[PDB]
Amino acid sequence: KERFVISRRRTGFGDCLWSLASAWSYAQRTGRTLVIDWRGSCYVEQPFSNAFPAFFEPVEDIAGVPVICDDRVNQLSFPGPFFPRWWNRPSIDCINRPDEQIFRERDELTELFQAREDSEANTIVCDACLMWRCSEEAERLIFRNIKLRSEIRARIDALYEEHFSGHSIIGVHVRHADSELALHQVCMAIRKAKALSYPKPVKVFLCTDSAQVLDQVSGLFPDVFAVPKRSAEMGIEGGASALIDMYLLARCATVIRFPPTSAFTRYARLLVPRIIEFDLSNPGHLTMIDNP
């Protein structure tokens, strides 16, 4: 009989894709079908629409694991019993789903994934953060075996030809008196990054939500660039521009993570040759990690 693992996540794409890689791994390991359920995504206005096909091409199989990733989540009844055991409660008992319950489920799923024996539950529902609960091969398999929609890929390609080709790009991811120090730290990270050697002429690719950070970093360093800014359509367009930056960061020669705890730059950490960041354990000090 067919048995399932459901990967639910509705936050930023880095978290959604790392978490999916943990769902996928358990499905691989126990001979289950993997269901990608992105209903309720922060990027899609309508609440019951599965967001995965809005940004990615259809996928029916990942490295041997069958995959359901479309609006079939709205017609199929996935069978119980369920794990975690909360998912066996009546639906009126499931309206209340506080953070304490989500975090318990992360911990329960983590225990299950470390256990030797498969669960007897016919459907595993993953609806908590599962970052760091899989191998790096799992993560790499997800990114290699799903594909961005043509419309998003064309923009990545255009930008790549316009700014990346023929050059070595230092990528800078900046999330967010406090603004004075932060600006200063970013500048010192960029000077460190620029002191290294590269094969091709250098340009600086800046990914930030602040117009003021763009403008100032642009005035303090040559050859800085960013992706231009262009209801439900602003949902989609926010998702798309998030993916465009996430994927371009992973084509840089060096990437600065401010901060390093962001899942947004996880893909870049996996592929890019050099990562620069603030060592939180020794705060205020810059460290450089060479990729294997």
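So that the term is clear: the rigid core is the largest set of C-alpha atoms that superpose within 1.5 Å between two forms. Residue positions are given as counts along the sequence shown, with the first one as 1.
Asks: Kindly name the stretch, out of 132-140 and 211-219, whose CA atoms are displaced more from this form in 4 other deposited structures of this protein after the core superposition?
Replies: Farther from the shown form on average in 4 other deposited structures of this protein: 211-219.
Asks: In 4 other deposited structures of this protein, superposed by the rigid core, which stretch departs further from the shown form in CA positions, 178-186 or 156-164?
Replies: Evaluated in 4 other deposited structures of this protein, the stretch farther from the shown form is 178-186.
Asks: Please check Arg230 against the other PDB entries of this protein that were compared: is it missing in at least a third of those that model both its neighbours?
Replies: Yes: coordinates for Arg230 absent from at least a third of the compared entries.
Asks: Counting the other entries of this protein, is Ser19 left out in at least a third of them?
Replies: Comparison shows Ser19 kept in all of the other entries.
Asks: Which fits the stretch between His184 and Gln185: none, 1 to 3, 4 to 9, or 10 or more deposited residues lacking coordinates?
Replies: Gap between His184 and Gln185: none, chain continuous.
Asks: Please compare 275-283 with 7-15 and say which has the higher mean C-alpha temperature factor in the record.
Replies: Mean CA B-factor is higher for 275-283.
Asks: On mean C-alpha B-factor from the PDB entry, just flag whether 116-124 or 151-159 is the higher one.
Replies: Result: 116-124.
Asks: Looking at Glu57, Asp245, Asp37, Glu45, which has the highest CA B-factor as recorded?
Replies: So the option with the highest C-alpha B-factor is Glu45.
Asks: C-alpha B factor of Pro84, ranked within the chain: lowest, middle or highest third?
Replies: It falls in the middle third of the chain.
Asks: Looking at the temperature factor on the CA atom of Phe205, which third of the chain's modelled residues does it land in?
Replies: Lowest third of the chain for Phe205's C-alpha B-factor.
Asks: Using the B-factor values recorded in the entry, state whether the Cα atom of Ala195 falls in the lowest, middle or highest third among the modelled residues of its chain.
Replies: Top third by C-alpha B-factor.
Asks: Taking the entry's C-alpha B-factors for this chain, is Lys229 in the lowest, middle or highest third?
Replies: Highest third - that is where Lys229 ends up once the chain's C-alpha B-factors are sorted.
Asks: Using only modelled residues of the chain, where does the Cα B factor of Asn145 rank: lowest third, middle third or highest third?
Replies: Bottom third by C-alpha B-factor.
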